[PDB]
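Data from structure_18.cif: mmCIF, C-alpha atoms
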data_run
#
loop_
_atom_site.group_PDB
_atom_site.id
_atom_site.type_symbol
_atom_site.label_atom_id
_atom_site.label_comp_id
_atom_site.auth_asym_id
_atom_site.auth_seq_id
_atom_site.Cartn_x
_atom_site.Cartn_y
_atom_site.Cartn_z
ATOM 1 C CA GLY J 1 98.662 -16.710 151.978
ATOM 2 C CA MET J 2 101.143 -17.993 149.396
ATOM 3 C CA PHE J 3 98.235 -18.853 147.048
ATOM 4 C CA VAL J 4 96.229 -15.628 147.491
ATOM 5 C CA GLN J 5 99.415 -13.550 147.050
ATOM 6 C CA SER J 6 100.231 -15.462 143.855
ATOM 7 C CA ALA J 7 96.740 -14.808 142.425
ATOM 8 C CA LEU J 8 96.875 -11.092 143.367
ATOM 9 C CA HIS J 9 100.342 -10.732 141.731
ATOM 10 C CA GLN J 10 98.946 -12.332 138.530
ATOM 11 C CA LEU J 11 96.168 -9.684 138.575
ATOM 12 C CA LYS J 12 98.457 -6.742 139.486
ATOM 13 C CA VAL J 13 100.744 -7.475 136.486
ATOM 14 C CA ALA J 14 97.631 -7.617 134.252
ATOM 15 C CA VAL J 15 96.346 -4.283 135.637
ATOM 16 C CA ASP J 16 99.807 -2.638 135.602
ATOM 17 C CA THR J 17 100.329 -3.656 131.929
ATOM 18 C CA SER J 18 96.812 -2.426 130.979
ATOM 19 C CA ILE J 19 97.558 0.962 132.599
ATOM 20 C CA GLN J 20 100.819 1.437 130.617
ATOM 21 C CA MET J 21 99.157 0.186 127.357
ATOM 22 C CA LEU J 22 96.578 3.034 127.818
ATOM 23 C CA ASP J 23 99.438 5.625 127.772
ATOM 24 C CA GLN J 24 100.234 4.648 124.102
ATOM 25 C CA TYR J 25 96.770 5.852 122.780
ATOM 26 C CA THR J 26 94.480 8.941 122.844
ATOM 27 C CA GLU J 27 90.741 8.916 123.660
ATOM 28 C CA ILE J 28 89.968 9.765 119.981
ATOM 29 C CA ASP J 29 92.313 7.004 118.694
ATOM 30 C CA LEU J 30 90.551 4.376 120.909
ATOM 31 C CA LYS J 31 87.092 5.738 119.979
ATOM 32 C CA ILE J 32 87.788 5.339 116.213
ATOM 33 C CA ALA J 33 89.654 1.973 116.140
ATOM 34 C CA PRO J 34 88.955 -0.531 114.590
ATOM 35 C CA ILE J 35 87.776 1.383 111.478
ATOM 36 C CA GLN J 36 85.332 -1.281 110.102
ATOM 37 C CA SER J 37 83.836 -2.776 113.323
ATOM 38 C CA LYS J 38 80.824 -2.938 115.684
ATOM 39 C CA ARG J 39 82.959 -2.389 118.871
ATOM 40 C CA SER J 40 85.443 0.339 119.914
ATOM 41 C CA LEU J 41 88.743 0.055 121.824
ATOM 42 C CA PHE J 42 87.536 2.849 124.135
ATOM 43 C CA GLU J 43 84.332 1.060 125.240
ATOM 44 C CA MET J 44 86.253 -2.217 125.740
ATOM 45 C CA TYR J 45 89.088 -0.633 127.785
ATOM 46 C CA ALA J 46 86.337 1.231 129.691
ATOM 47 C CA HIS J 47 84.659 -2.155 130.453
ATOM 48 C CA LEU J 48 88.069 -3.697 131.375
ATOM 49 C CA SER J 49 88.653 -0.989 134.001
ATOM 50 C CA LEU J 50 85.441 -1.958 135.895
ATOM 51 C CA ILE J 51 86.120 -5.750 136.059
ATOM 52 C CA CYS J 52 87.793 -5.734 139.513
ATOM 53 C CA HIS J 53 85.064 -3.518 141.025
ATOM 54 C CA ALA J 54 82.211 -5.331 139.289
ATOM 55 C CA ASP J 55 83.359 -8.890 140.066
ATOM 56 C CA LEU J 56 83.999 -7.946 143.699
ATOM 57 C CA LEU J 57 80.410 -6.587 143.851
ATOM 58 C CA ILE J 58 79.158 -9.900 142.319
ATOM 59 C CA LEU J 59 81.150 -11.855 144.954
ATOM 60 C CA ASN J 60 79.665 -9.608 147.700
ATOM 61 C CA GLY J 61 76.056 -10.477 146.750
ATOM 62 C CA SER J 62 75.184 -7.676 144.338
ATOM 63 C CA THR J 63 72.063 -8.041 142.193
ATOM 64 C CA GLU J 64 71.781 -8.208 138.423
ATOM 65 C CA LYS J 65 70.299 -4.665 138.280
ATOM 66 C CA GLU J 66 73.141 -3.165 140.340
ATOM 67 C CA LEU J 67 75.707 -4.642 137.893
ATOM 68 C CA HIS J 68 73.603 -3.489 134.921
ATOM 69 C CA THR J 69 73.394 0.048 136.389
ATOM 70 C CA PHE J 70 77.110 -0.041 137.385
ATOM 71 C CA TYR J 71 78.414 -0.865 133.866
ATOM 72 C CA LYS J 72 75.785 1.395 132.203
ATOM 73 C CA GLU J 73 76.318 4.536 134.320
ATOM 74 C CA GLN J 74 79.769 4.159 136.056
ATOM 75 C CA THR J 75 81.911 3.419 132.960
ATOM 76 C CA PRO J 76 84.858 5.851 132.808
ATOM 77 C CA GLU J 77 84.825 8.705 130.230
ATOM 78 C CA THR J 78 88.614 9.357 130.123
ATOM 79 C CA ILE J 79 91.802 7.290 130.025
ATOM 80 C CA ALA J 80 92.999 8.845 133.340
ATOM 81 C CA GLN J 81 89.821 7.724 135.193
ATOM 82 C CA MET J 82 90.106 4.299 133.481
ATOM 83 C CA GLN J 83 93.603 3.956 134.991
ATOM 84 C CA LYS J 84 92.505 5.314 138.409
ATOM 85 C CA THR J 85 89.522 2.924 138.441
ATOM 86 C CA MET J 86 91.745 -0.144 137.769
ATOM 87 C CA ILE J 87 94.104 0.834 140.607
ATOM 88 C CA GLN J 88 91.150 1.402 143.000
ATOM 89 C CA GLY J 89 89.501 -1.872 142.064
ATOM 90 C CA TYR J 90 92.761 -3.771 142.457
ATOM 91 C CA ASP J 91 93.433 -2.052 145.768
ATOM 92 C CA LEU J 92 89.956 -2.973 147.168
ATOM 93 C CA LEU J 93 90.170 -6.539 145.798
ATOM 94 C CA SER J 94 93.652 -6.947 147.363
ATOM 95 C CA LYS J 95 92.615 -5.494 150.718
ATOM 96 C CA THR J 96 89.469 -7.715 150.655
ATOM 97 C CA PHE J 97 91.347 -10.931 149.783
ATOM 98 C CA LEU J 98 94.254 -10.191 152.122
ATOM 99 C CA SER J 99 91.706 -9.962 155.020
ATOM 100 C CA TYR J 100 90.279 -13.469 154.480
ATOM 101 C CA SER J 101 91.090 -16.525 156.590
ATOM 102 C CA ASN J 102 91.270 -19.990 154.955
ATOM 103 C CA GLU J 103 87.636 -20.495 156.137
ATOM 104 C CA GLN J 104 86.599 -17.256 154.386
ATOM 105 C CA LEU J 105 88.635 -18.151 151.240
ATOM 106 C CA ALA J 106 86.839 -21.551 151.294
ATOM 107 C CA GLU J 107 83.366 -19.936 151.801
ATOM 108 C CA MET J 108 80.840 -20.646 149.010
ATOM 109 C CA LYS J 109 79.239 -17.544 147.466
ATOM 110 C CA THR J 110 76.526 -17.592 144.758
ATOM 111 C CA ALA J 111 76.571 -14.997 141.933
ATOM 112 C CA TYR J 112 73.209 -13.423 140.944
ATOM 113 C CA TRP J 113 73.075 -15.732 137.893
ATOM 114 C CA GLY J 114 73.233 -18.894 140.091
ATOM 115 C CA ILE J 115 76.820 -20.243 139.795
ATOM 116 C CA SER J 116 78.348 -20.835 143.230
ATOM 117 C CA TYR J 117 82.116 -20.677 143.833
ATOM 118 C CA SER J 118 84.461 -20.477 146.815
ATOM 119 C CA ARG J 119 85.803 -16.957 147.453
ATOM 120 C CA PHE J 120 89.257 -18.139 146.412
ATOM 121 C CA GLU J 121 87.948 -19.469 143.093
ATOM 122 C CA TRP J 122 86.152 -16.104 142.552
ATOM 123 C CA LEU J 123 89.558 -14.373 142.797
ATOM 124 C CA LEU J 124 90.745 -16.801 140.080
ATOM 125 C CA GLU J 125 87.600 -16.138 137.995
ATOM 126 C CA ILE J 126 88.395 -12.397 138.189
ATOM 127 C CA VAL J 127 91.909 -13.185 136.881
ATOM 128 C CA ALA J 128 90.336 -15.253 134.059
ATOM 129 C CA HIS J 129 87.736 -12.518 133.355
ATOM 130 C CA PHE J 130 90.403 -9.784 133.165
ATOM 131 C CA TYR J 131 92.766 -11.845 130.940
ATOM 132 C CA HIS J 132 89.836 -12.841 128.660
ATOM 133 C CA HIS J 133 88.711 -9.228 128.047
ATOM 134 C CA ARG J 134 92.371 -8.177 127.749
ATOM 135 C CA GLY J 135 92.834 -10.926 125.102
ATOM 136 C CA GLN J 136 89.862 -9.513 123.105
ATOM 137 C CA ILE J 137 91.460 -6.024 123.234
ATOM 138 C CA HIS J 138 94.929 -7.402 122.286
ATOM 139 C CA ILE J 139 93.818 -8.972 118.981
ATOM 140 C CA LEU J 140 91.838 -5.778 118.050
ATOM 141 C CA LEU J 141 94.938 -3.596 118.801
ATOM 142 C CA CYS J 142 96.233 -5.209 115.528
ATOM 143 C CA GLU J 143 93.366 -3.223 113.764
ATOM 144 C CA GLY P 1 94.473 -28.817 147.435
ATOM 145 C CA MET P 2 91.428 -26.546 147.585
ATOM 146 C CA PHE P 3 93.503 -23.818 145.873
ATOM 147 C CA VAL P 4 94.828 -26.206 143.171
ATOM 148 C CA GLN P 5 91.349 -27.649 142.482
ATOM 149 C CA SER P 6 90.004 -24.058 142.160
ATOM 150 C CA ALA P 7 92.741 -23.190 139.577
ATOM 151 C CA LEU P 8 92.193 -26.438 137.596
ATOM 152 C CA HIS P 9 88.407 -25.894 137.593
ATOM 153 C CA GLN P 10 88.797 -22.409 136.052
ATOM 154 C CA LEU P 11 91.087 -23.985 133.431
ATOM 155 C CA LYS P 12 88.535 -26.785 132.795
ATOM 156 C CA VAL P 13 85.722 -24.200 132.439
ATOM 157 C CA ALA P 14 87.851 -22.574 129.706
ATOM 158 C CA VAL P 15 88.505 -26.009 128.071
ATOM 159 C CA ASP P 16 84.871 -27.165 128.134
ATOM 160 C CA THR P 17 83.559 -23.802 126.853
ATOM 161 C CA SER P 18 86.223 -23.715 124.076
ATOM 162 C CA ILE P 19 85.085 -27.236 123.023
ATOM 163 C CA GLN P 20 81.421 -26.142 122.943
ATOM 164 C CA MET P 21 82.344 -22.902 121.108
ATOM 165 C CA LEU P 22 84.345 -25.014 118.573
ATOM 166 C CA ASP P 23 81.214 -27.124 117.740
ATOM 167 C CA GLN P 24 79.379 -23.963 116.498
ATOM 168 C CA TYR P 25 81.850 -23.761 113.529
ATOM 169 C CA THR P 26 83.206 -26.127 110.879
ATOM 170 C CA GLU P 27 86.771 -26.590 109.623
ATOM 171 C CA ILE P 28 85.863 -24.456 106.548
ATOM 172 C CA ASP P 29 84.379 -21.581 108.677
ATOM 173 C CA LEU P 30 87.622 -21.273 110.716
ATOM 174 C CA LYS P 31 90.051 -21.607 107.754
ATOM 175 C CA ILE P 32 88.064 -19.262 105.431
ATOM 176 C CA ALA P 33 87.273 -16.439 108.012
ATOM 177 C CA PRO P 34 88.949 -13.086 106.855
ATOM 178 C CA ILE P 35 90.594 -11.922 110.166
ATOM 179 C CA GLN P 36 93.490 -9.591 108.992
ATOM 180 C CA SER P 37 96.080 -11.234 111.345
ATOM 181 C CA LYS P 38 98.982 -13.509 110.113
ATOM 182 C CA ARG P 39 97.185 -16.817 110.999
ATOM 183 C CA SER P 40 93.613 -18.134 110.571
ATOM 184 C CA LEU P 41 91.002 -18.845 113.292
ATOM 185 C CA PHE P 42 91.735 -22.531 112.617
ATOM 186 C CA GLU P 43 95.489 -22.056 113.341
ATOM 187 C CA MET P 44 94.721 -20.047 116.506
ATOM 188 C CA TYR P 45 92.290 -22.733 117.743
ATOM 189 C CA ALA P 46 94.897 -25.438 116.993
ATOM 190 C CA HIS P 47 97.415 -23.351 119.116
ATOM 191 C CA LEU P 48 94.783 -22.999 121.885
ATOM 192 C CA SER P 49 94.396 -26.800 121.999
ATOM 193 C CA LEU P 50 98.159 -27.206 122.630
ATOM 194 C CA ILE P 51 98.383 -24.768 125.628
ATOM 195 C CA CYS P 52 97.883 -27.359 128.377
ATOM 196 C CA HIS P 53 100.502 -29.752 126.892
ATOM 197 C CA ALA P 54 103.064 -27.041 125.898
ATOM 198 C CA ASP P 55 102.969 -25.088 129.125
ATOM 199 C CA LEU P 56 103.311 -28.417 131.090
ATOM 200 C CA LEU P 57 106.413 -29.279 128.993
ATOM 201 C CA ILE P 58 107.773 -25.745 129.769
ATOM 202 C CA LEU P 59 107.189 -26.303 133.522
ATOM 203 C CA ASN P 60 109.012 -29.674 133.236
ATOM 204 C CA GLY P 61 112.206 -28.166 131.797
ATOM 205 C CA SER P 62 111.603 -28.498 128.062
ATOM 206 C CA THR P 63 113.994 -26.559 125.824
ATOM 207 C CA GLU P 64 112.954 -23.942 123.263
ATOM 208 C CA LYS P 65 114.021 -26.348 120.458
ATOM 209 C CA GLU P 66 111.718 -29.049 121.855
ATOM 210 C CA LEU P 67 108.738 -26.615 122.026
ATOM 211 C CA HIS P 68 109.459 -25.471 118.428
ATOM 212 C CA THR P 69 109.564 -29.129 117.288
ATOM 213 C CA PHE P 70 106.435 -29.839 119.445
ATOM 214 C CA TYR P 71 104.413 -27.053 117.763
ATOM 215 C CA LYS P 72 105.893 -27.994 114.318
ATOM 216 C CA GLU P 73 104.922 -31.696 114.525
ATOM 217 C CA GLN P 74 101.869 -31.806 116.927
ATOM 218 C CA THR P 75 99.552 -28.882 116.037
ATOM 219 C CA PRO P 76 96.102 -30.376 115.222
ATOM 220 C CA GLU P 77 94.966 -30.545 111.579
ATOM 221 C CA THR P 78 91.267 -31.317 112.428
ATOM 222 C CA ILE P 79 88.628 -30.043 114.929
ATOM 223 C CA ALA P 80 88.341 -33.618 116.312
ATOM 224 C CA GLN P 81 92.072 -33.856 117.162
ATOM 225 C CA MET P 82 91.926 -30.285 118.574
ATOM 226 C CA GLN P 83 89.229 -31.435 121.014
ATOM 227 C CA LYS P 84 91.032 -34.713 121.771
ATOM 228 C CA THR P 85 94.376 -32.923 122.334
ATOM 229 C CA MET P 86 92.924 -30.167 124.563
ATOM 230 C CA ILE P 87 91.167 -32.780 126.829
ATOM 231 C CA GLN P 88 94.299 -34.959 127.037
ATOM 232 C CA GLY P 89 96.439 -31.918 127.876
ATOM 233 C CA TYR P 90 94.033 -30.892 130.625
ATOM 234 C CA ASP P 91 94.071 -34.456 132.060
ATOM 235 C CA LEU P 92 97.893 -34.529 132.078
ATOM 236 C CA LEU P 93 98.113 -31.038 133.622
ATOM 237 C CA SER P 94 95.491 -31.725 136.328
ATOM 238 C CA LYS P 95 96.819 -35.202 137.233
ATOM 239 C CA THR P 96 100.238 -33.619 137.572
ATOM 240 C CA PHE P 97 99.120 -30.645 139.705
ATOM 241 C CA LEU P 98 96.971 -32.903 141.924
ATOM 242 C CA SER P 99 100.082 -35.071 142.543
ATOM 243 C CA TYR P 100 102.000 -32.110 144.045
ATOM 244 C CA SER P 101 102.493 -31.502 147.780
ATOM 245 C CA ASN P 102 102.444 -27.889 149.117
ATOM 246 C CA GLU P 103 106.267 -28.017 149.055
ATOM 247 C CA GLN P 104 106.103 -29.059 145.400
ATOM 248 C CA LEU P 105 103.579 -26.265 144.702
ATOM 249 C CA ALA P 106 106.094 -23.783 146.196
ATOM 250 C CA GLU P 107 109.074 -25.210 144.233
ATOM 251 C CA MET P 108 110.710 -22.795 141.805
ATOM 252 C CA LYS P 109 111.115 -23.803 138.155
ATOM 253 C CA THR P 110 112.820 -21.772 135.416
ATOM 254 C CA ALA P 111 111.169 -21.594 131.967
ATOM 255 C CA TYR P 112 113.617 -22.011 129.041
ATOM 256 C CA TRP P 113 113.585 -18.192 128.572
ATOM 257 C CA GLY P 114 115.050 -17.687 132.099
ATOM 258 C CA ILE P 115 112.075 -16.280 134.047
ATOM 259 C CA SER P 116 111.243 -18.311 137.200
ATOM 260 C CA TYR P 117 107.895 -19.065 138.908
ATOM 261 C CA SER P 118 106.646 -21.324 141.690
ATOM 262 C CA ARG P 119 104.684 -24.311 140.367
ATOM 263 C CA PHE P 120 101.448 -22.727 141.668
ATOM 264 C CA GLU P 121 102.327 -19.351 140.084
ATOM 265 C CA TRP P 122 102.958 -21.138 136.772
ATOM 266 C CA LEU P 123 99.521 -22.852 136.995
ATOM 267 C CA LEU P 124 97.963 -19.359 137.279
ATOM 268 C CA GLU P 125 100.020 -18.314 134.185
ATOM 269 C CA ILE P 126 98.470 -21.307 132.278
ATOM 270 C CA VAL P 127 95.016 -20.099 133.294
ATOM 271 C CA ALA P 128 95.848 -16.509 132.190
ATOM 272 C CA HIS P 129 97.462 -17.802 128.892
ATOM 273 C CA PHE P 130 94.412 -19.917 128.049
ATOM 274 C CA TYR P 131 91.827 -17.204 128.812
ATOM 275 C CA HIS P 132 93.961 -14.564 126.970
ATOM 276 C CA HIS P 133 94.139 -16.728 123.844
ATOM 277 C CA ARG P 134 90.490 -17.888 124.148
ATOM 278 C CA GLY P 135 89.552 -14.176 124.316
ATOM 279 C CA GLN P 136 91.526 -13.353 121.108
ATOM 280 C CA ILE P 137 89.646 -16.141 119.294
ATOM 281 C CA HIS P 138 86.259 -15.182 120.837
ATOM 282 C CA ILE P 139 86.305 -11.565 119.561
ATOM 283 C CA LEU P 140 87.554 -12.609 116.068
ATOM 284 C CA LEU P 141 84.533 -14.992 115.969
ATOM 285 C CA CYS P 142 82.036 -12.213 116.917
ATOM 286 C CA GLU P 143 83.705 -9.847 114.365
ATOM 287 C CA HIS P 144 84.021 -12.093 111.222
ATOM 288 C CA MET P 145 81.649 -15.052 111.911
ATOM 289 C CA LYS P 146 78.459 -15.802 113.909
ATOM 290 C CA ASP P 147 78.489 -14.830 117.629
ATOM 291 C CA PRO P 148 78.895 -18.055 119.787
ATOM 292 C CA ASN P 149 77.599 -18.676 123.407
ATOM 293 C CA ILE P 150 79.607 -19.155 126.684
#
Please go through the file and, once you have read it, give me the structure as structure tokens.
Amino acid sequence: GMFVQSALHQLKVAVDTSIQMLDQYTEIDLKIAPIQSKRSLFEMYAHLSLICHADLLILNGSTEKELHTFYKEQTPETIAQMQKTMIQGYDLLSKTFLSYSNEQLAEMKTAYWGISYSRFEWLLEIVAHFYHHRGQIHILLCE
Amino acid sequence: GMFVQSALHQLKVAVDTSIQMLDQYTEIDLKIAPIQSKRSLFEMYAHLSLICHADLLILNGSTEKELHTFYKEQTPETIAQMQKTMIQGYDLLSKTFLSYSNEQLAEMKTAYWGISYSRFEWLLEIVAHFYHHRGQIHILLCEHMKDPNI
């Protein structure tokens, strides 16, 4: 209640800041940068936008192949769809987590790779996952 | 209780993995790495090791001046004291959060910079802070050094 709302606010601020950060760049600019590097800001922001959706799928028993296919084929191709995807993912994650009782928040769920967490801890893992990837992007925004 | 243990476990996963990631490099690897940014991978890892302690001091009403002195005089100068500091900070942070009642978890505290959070909200900010900073380090490692393993 108090705890789930706190965790969802933490995530909303992260998403809301990522959306406004995407307004300060063009698709070309993100595709180029960094100049001398193996990774691109576009591909990383694209991956960031699918975190909420993807981690919710993992929590809801999705297989390894579904997640592979999801990230491979469903990655956004424009900044606008990146932003829309983050909002959608947040919305579905919020509506999911706001529908859980304490028993459901306490329920153990195993990811396809074997680690088992409570649903509540999964919400926290999503927060960690999003902030991690956002940290990677942040340092590379300094070229 | 269950919610606090969940938050501390995510923090501990970050701590343990940062300690394992830190063993894949030497003091020379971190100091010598090119980067481009104002501070070295060593300096950033030393900062990372102080997050649990610093953010707990912030929660407990520490002034800006005290944090500036804290970072000035307590930032690790070796990978051993980075690991020791990060574990000790986690222990102090967890022992503290596990001592709090629900009422205490809901209590509002103002950081020196004037923004206020509940104690539980601030714990989630520590988690976000640690993963953000661990992510900055992680990508700099993949970019200018060998790729580690989480």
| note | Here atom CA of residue J:46 and atom CA of residue P:47 stand apart by 29.0 Å
| query | Given a cut-off of 12 Å, which residues of chain P touch chain J, counting all atoms listed in the file, written out as a PyMOL selection string? | reply | chain P and resi 1-14+35-39+41+44+102-103+105-107+117-144
| field | Point-to-point distance from atom CA of residue P:114 to atom CA of residue P:48, Å rounded to tenths | value | 23.3 Å
| query | Between atom CA of residue P:91 and atom CA of residue P:61, what is the distance, to one decimal in Å? | reply |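 So the two atoms, atom CA of residue P:91 and atom CA of residue P:61, lie 19.2 Å apart.
Comparing the minimum interatomic distances between residue J:89 and each of J:55, J:43, J:66, J:29, counting only C-alpha atoms, we find that J:55 sits nearest.
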| field | Nearest to residue P:60, chosen from P:110, P:22, P:149, P:75, with all atoms listed in the file counted in the distances | value | P:110
| task | Give the answer as one residue: which of P:150, P:19, P:111, P:34 has the shortest atom-to-atom distance to residue P:59, using all atoms listed in the file? | result |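 Ranked by minimum distance to residue P:59, first place goes to P:111.
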| query | Leaving out residue P:28 and any residue of its chain fewer than 6 positions from it, which residues lie within 12 Å of it when counting only C-alpha atoms, given as number ranges by chain? | reply | P: 34, 40-42, 78-79, 145
| task | List the residues matched by the PyMOL selection byres ((chain P and resi 87) around 12) in the displayed structure as a ChimeraX atom specification, ordered by chain and then by residue number. | result | /P:11-19,48-53,80-86,88-94
Would you put the residues from that selection into a file with C-alpha atoms, as a PDB file, in the coordinates of the input?
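Written file, selection_1.pdb:
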ATOM      1  CA  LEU P  11      91.087 -23.985 133.431  1.00  0.00           C
ATOM      2  CA  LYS P  12      88.535 -26.785 132.795  1.00  0.00           C
ATOM      3  CA  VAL P  13      85.722 -24.200 132.439  1.00  0.00           C
ATOM      4  CA  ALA P  14      87.851 -22.574 129.706  1.00  0.00           C
ATOM      5  CA  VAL P  15      88.505 -26.009 128.071  1.00  0.00           C
ATOM      6  CA  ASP P  16      84.871 -27.165 128.134  1.00  0.00           C
ATOM      7  CA  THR P  17      83.559 -23.802 126.853  1.00  0.00           C
ATOM      8  CA  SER P  18      86.223 -23.715 124.076  1.00  0.00           C
ATOM      9  CA  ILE P  19      85.085 -27.236 123.023  1.00  0.00           C
ATOM     10  CA  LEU P  48      94.783 -22.999 121.885  1.00  0.00           C
ATOM     11  CA  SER P  49      94.396 -26.800 121.999  1.00  0.00           C
ATOM     12  CA  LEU P  50      98.159 -27.206 122.630  1.00  0.00           C
ATOM     13  CA  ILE P  51      98.383 -24.768 125.628  1.00  0.00           C
ATOM     14  CA  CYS P  52      97.883 -27.359 128.377  1.00  0.00           C
ATOM     15  CA  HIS P  53     100.502 -29.752 126.892  1.00  0.00           C
ATOM     16  CA  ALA P  80      88.341 -33.618 116.312  1.00  0.00           C
ATOM     17  CA  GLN P  81      92.072 -33.856 117.162  1.00  0.00           C
ATOM     18  CA  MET P  82      91.926 -30.285 118.574  1.00  0.00           C
ATOM     19  CA  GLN P  83      89.229 -31.435 121.014  1.00  0.00           C
ATOM     20  CA  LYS P  84      91.032 -34.713 121.771  1.00  0.00           C
ATOM     21  CA  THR P  85      94.376 -32.923 122.334  1.00  0.00           C
ATOM     22  CA  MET P  86      92.924 -30.167 124.563  1.00  0.00           C
ATOM     23  CA  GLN P  88      94.299 -34.959 127.037  1.00  0.00           C
ATOM     24  CA  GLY P  89      96.439 -31.918 127.876  1.00  0.00           C
ATOM     25  CA  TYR P  90      94.033 -30.892 130.625  1.00  0.00           C
ATOM     26  CA  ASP P  91      94.071 -34.456 132.060  1.00  0.00           C
ATOM     27  CA  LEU P  92      97.893 -34.529 132.078  1.00  0.00           C
ATOM     28  CA  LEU P  93      98.113 -31.038 133.622  1.00  0.00           C
ATOM     29  CA  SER P  94      95.491 -31.725 136.328  1.00  0.00           C
TER      30      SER P  94
END
| Selection under test: the PyMOL selection byres ((chain J and resi 18) around 9); residues as a PyMOL selection string | chain J and resi 13-17+19-22+45+48-49+83+86+134
| message | Which residues are close to residue J:71, i.e. within 9 Å by only C-alpha atoms, leaving aside same-chain residues fewer than 6 positions away? Reply as a PyMOL selection string. | response | chain J and resi 47+50+54
| request: May I ask which of the residues J:12, J:61, J:70, J:41 is the closest one to residue J:111, counting only C-alpha atoms? | output: J:61
| request: Would you kindly translate the PyMOL selection byres ((chain J and resi 78) around 12) into the concrete residues it picks from this file, as an NGL selection string? | output: :J and (22-23 or 25-28 or 30-31 or 42-43 or 45-46 or 49 or 74-77 or 79-85)
Box along x, y and z, 6 Å on every side, all listed atoms of stretch 3-11 of chain P inside: centre and edge lengths in Å to one decimal, as AutoDock Vina command-line options.
--center_x 91.6 --center_y -25.0 --center_z 139.7 --size_x 18.4 --size_y 17.2 --size_z 24.4
Export of stretch 90-101 of chain P: N, CA, C and O atoms, as a PDB file, in the first residue's frame:
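Listed below is the output, part_31.pdb:
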ATOM      1  N   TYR P  90      26.756  -1.517   4.549  1.00  0.00           N
ATOM      2  CA  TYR P  90      25.573  -2.336   4.368  1.00  0.00           C
ATOM      3  C   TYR P  90      25.074  -2.846   5.724  1.00  0.00           C
ATOM      4  O   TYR P  90      23.871  -2.766   5.996  1.00  0.00           O
ATOM      5  N   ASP P  91      25.976  -3.388   6.544  1.00  0.00           N
ATOM      6  CA  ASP P  91      25.603  -3.885   7.884  1.00  0.00           C
ATOM      7  C   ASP P  91      24.961  -2.790   8.719  1.00  0.00           C
ATOM      8  O   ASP P  91      23.934  -3.029   9.315  1.00  0.00           O
ATOM      9  N   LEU P  92      25.528  -1.579   8.714  1.00  0.00           N
ATOM     10  CA  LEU P  92      24.969  -0.483   9.510  1.00  0.00           C
ATOM     11  C   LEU P  92      23.589  -0.058   8.971  1.00  0.00           C
ATOM     12  O   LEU P  92      22.655   0.176   9.742  1.00  0.00           O
ATOM     13  N   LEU P  93      23.463   0.010   7.648  1.00  0.00           N
ATOM     14  CA  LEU P  93      22.210   0.380   7.007  1.00  0.00           C
ATOM     15  C   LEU P  93      21.120  -0.654   7.248  1.00  0.00           C
ATOM     16  O   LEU P  93      19.994  -0.287   7.569  1.00  0.00           O
ATOM     17  N   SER P  94      21.449  -1.935   7.096  1.00  0.00           N
ATOM     18  CA  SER P  94      20.446  -3.007   7.302  1.00  0.00           C
ATOM     19  C   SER P  94      20.028  -3.104   8.761  1.00  0.00           C
ATOM     20  O   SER P  94      18.837  -3.096   9.056  1.00  0.00           O
ATOM     21  N   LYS P  95      21.001  -3.144   9.670  1.00  0.00           N
ATOM     22  CA  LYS P  95      20.708  -3.211  11.119  1.00  0.00           C
ATOM     23  C   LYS P  95      19.799  -2.070  11.545  1.00  0.00           C
ATOM     24  O   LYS P  95      18.864  -2.269  12.316  1.00  0.00           O
ATOM     25  N   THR P  96      20.048  -0.886  10.983  1.00  0.00           N
ATOM     26  CA  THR P  96      19.227   0.269  11.234  1.00  0.00           C
ATOM     27  C   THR P  96      17.820   0.075  10.699  1.00  0.00           C
ATOM     28  O   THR P  96      16.863   0.225  11.451  1.00  0.00           O
ATOM     29  N   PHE P  97      17.691  -0.243   9.408  1.00  0.00           N
ATOM     30  CA  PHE P  97      16.352  -0.414   8.802  1.00  0.00           C
ATOM     31  C   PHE P  97      15.522  -1.549   9.393  1.00  0.00           C
ATOM     32  O   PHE P  97      14.303  -1.435   9.465  1.00  0.00           O
ATOM     33  N   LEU P  98      16.195  -2.605   9.832  1.00  0.00           N
ATOM     34  CA  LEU P  98      15.544  -3.738  10.515  1.00  0.00           C
ATOM     35  C   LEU P  98      15.106  -3.399  11.945  1.00  0.00           C
ATOM     36  O   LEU P  98      14.321  -4.159  12.537  1.00  0.00           O
ATOM     37  N   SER P  99      15.652  -2.314  12.512  1.00  0.00           N
ATOM     38  CA  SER P  99      15.273  -1.832  13.840  1.00  0.00           C
ATOM     39  C   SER P  99      13.994  -0.984  13.790  1.00  0.00           C
ATOM     40  O   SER P  99      13.367  -0.780  14.835  1.00  0.00           O
ATOM     41  N   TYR P 100      13.613  -0.492  12.605  1.00  0.00           N
ATOM     42  CA  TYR P 100      12.465   0.397  12.478  1.00  0.00           C
ATOM     43  C   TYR P 100      11.099  -0.296  12.469  1.00  0.00           C
ATOM     44  O   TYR P 100      10.899  -1.307  11.793  1.00  0.00           O
ATOM     45  N   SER P 101      10.162   0.298  13.213  1.00  0.00           N
ATOM     46  CA  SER P 101       8.751  -0.085  13.211  1.00  0.00           C
ATOM     47  C   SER P 101       8.136   0.477  11.924  1.00  0.00           C
ATOM     48  O   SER P 101       8.760   1.307  11.252  1.00  0.00           O
TER      49      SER P 101
END
